[PDB]
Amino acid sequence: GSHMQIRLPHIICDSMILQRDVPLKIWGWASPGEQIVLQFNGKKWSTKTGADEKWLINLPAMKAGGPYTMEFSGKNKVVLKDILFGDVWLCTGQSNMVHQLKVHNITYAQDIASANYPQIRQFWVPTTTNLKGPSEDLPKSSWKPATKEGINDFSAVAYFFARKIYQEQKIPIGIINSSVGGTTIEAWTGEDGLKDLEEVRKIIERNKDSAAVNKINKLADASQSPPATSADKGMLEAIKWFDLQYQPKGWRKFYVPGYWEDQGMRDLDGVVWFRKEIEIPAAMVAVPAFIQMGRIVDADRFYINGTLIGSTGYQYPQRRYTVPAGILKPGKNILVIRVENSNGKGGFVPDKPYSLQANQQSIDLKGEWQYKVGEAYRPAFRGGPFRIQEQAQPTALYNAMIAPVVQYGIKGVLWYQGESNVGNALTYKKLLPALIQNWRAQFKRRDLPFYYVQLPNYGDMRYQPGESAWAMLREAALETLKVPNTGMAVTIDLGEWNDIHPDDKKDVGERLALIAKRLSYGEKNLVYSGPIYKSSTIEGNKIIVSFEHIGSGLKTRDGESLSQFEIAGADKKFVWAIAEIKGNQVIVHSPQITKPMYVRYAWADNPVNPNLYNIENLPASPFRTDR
């Protein structure tokens, strides 16, 4: 890593949006003693590279605007063009901030097609880890605009946030998108924020020891069983089951949607094939076709008339296959789906779209299919030992994808994470404030705005009160409002029972934009939160609940009675309660609870009808009054 000439950090490149209204640092590397001259804003700026091969130029604050160029000269020449000054938002978290407009392009087709915001730009950070400590540079990437060429790669949440802020504030908006699916808050926290967790602390130190890491990976590889040979009859028989000439023998009836565990196939992991013959009118031939096959657990190959038209390797993507003209023929067509399933309930997720579309016509793909098992996997032990997976390691993502930008000026942080911490949801009460204060320390921005997303509803619904790990995670977010300069978007009405990646990203980004408009952009009278539990008092057989953020008043979303309220006495055995808005408060009681002491609202993974709002249509946070 000897620098022989000027090198700029990857974030300092063409089209960047730099932070307006703050002293700016322009830093980089070069050969020792190399004389750097920067031509910028009608002036020349000079510095000498140190013996550490690093250089730094300090520039005075700039107001929003542009475009500018910068010309750097030393032993080489570097020219940067199309530089703007505006507000740079660091947008971070796991897969629901990762999720890009291109995978929500049915619902947001019109937003994608009309996006013409050349001064909203995203710098997307590839997934990167460093077990040794903070990295000095992000991976190579580019600043891409919210226009035709780059809109599809924007984080959907970040785009709808940025679009709302831009329309009202009218300054360039930069998005540093640093997000990785399936990751924990510990992986995103710098070492100093985790030092009080003794077991995590020891892992951090072990991971800096290459010998120790290599030992664990060796014992993982040594014990790693060899690759398994496929026993798939559908591929290994003389005629493959997608071959147009195959004659089904031994196939049974199946119904889409559904899981095969629920259709007569017990404890089965492996490969199951599905076959359906459908009649296609001539009007859907010789044109492109579009297949929506819901969501499949775990992986599928989809063949039409023997031709592979689509594949998805894992359970999370929605199946959306574009079929070229000429595959479908008039009359009888053979659809064959090979479903591979390595763990849990394989099959076709219900409450999802299953259809084939062409020429503004649609054919239903739900209903009767035929199935035959191609392979059943024999059970085996699967608990380890495992190699050290870097993105699961504490600090590893912070080090490589956050630490390199600490010198880059930023306006604030948007954070949407927690799905991967529901197993230590109680601990998250400490983990979230620790991350906030860690990033503030490392950025040297003790005032840095940090706005986060409370987890949405997800999972099976229940019709009796019960305990909930998701609810505990939502409480950790609620209680973190004690940290100065924070805000929380409630999303309990935006999720889906059957998907951890819900489609409605627009309302997430726009609810975060309300927080920013009030707290970062000084819109002092803007209602930016739904009702937030403040306090409660017991009066006889009733509990009276007071709230902050009532806007112009409390209401129910549907005009029906308040739902999802519970009440309990000293024994904490909760029952569904009667709840009624009176003035600015909610009165809770149950004829079954004589001496009530505690109230819960929307305390579940997926409350059926959380209908407490303010008149400004923002949902109340779930809460409990017991501790």
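The numbering used is simple: start at 1 and walk along the sequence shown.
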| property | result |
| --- | --- |
| Of 309-317 and 356-364, the one with larger mean CA B-factor | 356-364 |
| Higher-scoring stretch by recorded Cα B factor average, 177-185 or 370-378 | 370-378 |
| Residue with maximal Cα B-factor (values as given in the PDB entry) among 339, 98, 472, 334 | 334 |
| Selection by C-alpha B-factor (highest) of 517, 102, 506, 77 | 77 |
| Residue 292 CA temperature factor, ranked by third within the chain | middle |
| Residue 569, C-alpha B-factor rank within chain (lowest, middle or highest third) | middle |
| Residue 621, C-alpha B-factor rank within chain (lowest, middle or highest third) | lowest |
| Ranked C-alpha temperature factor of residue 208 among modelled chain residues, by third | highest |
| Third of chain Cα B-factors occupied by residue 581 | highest |
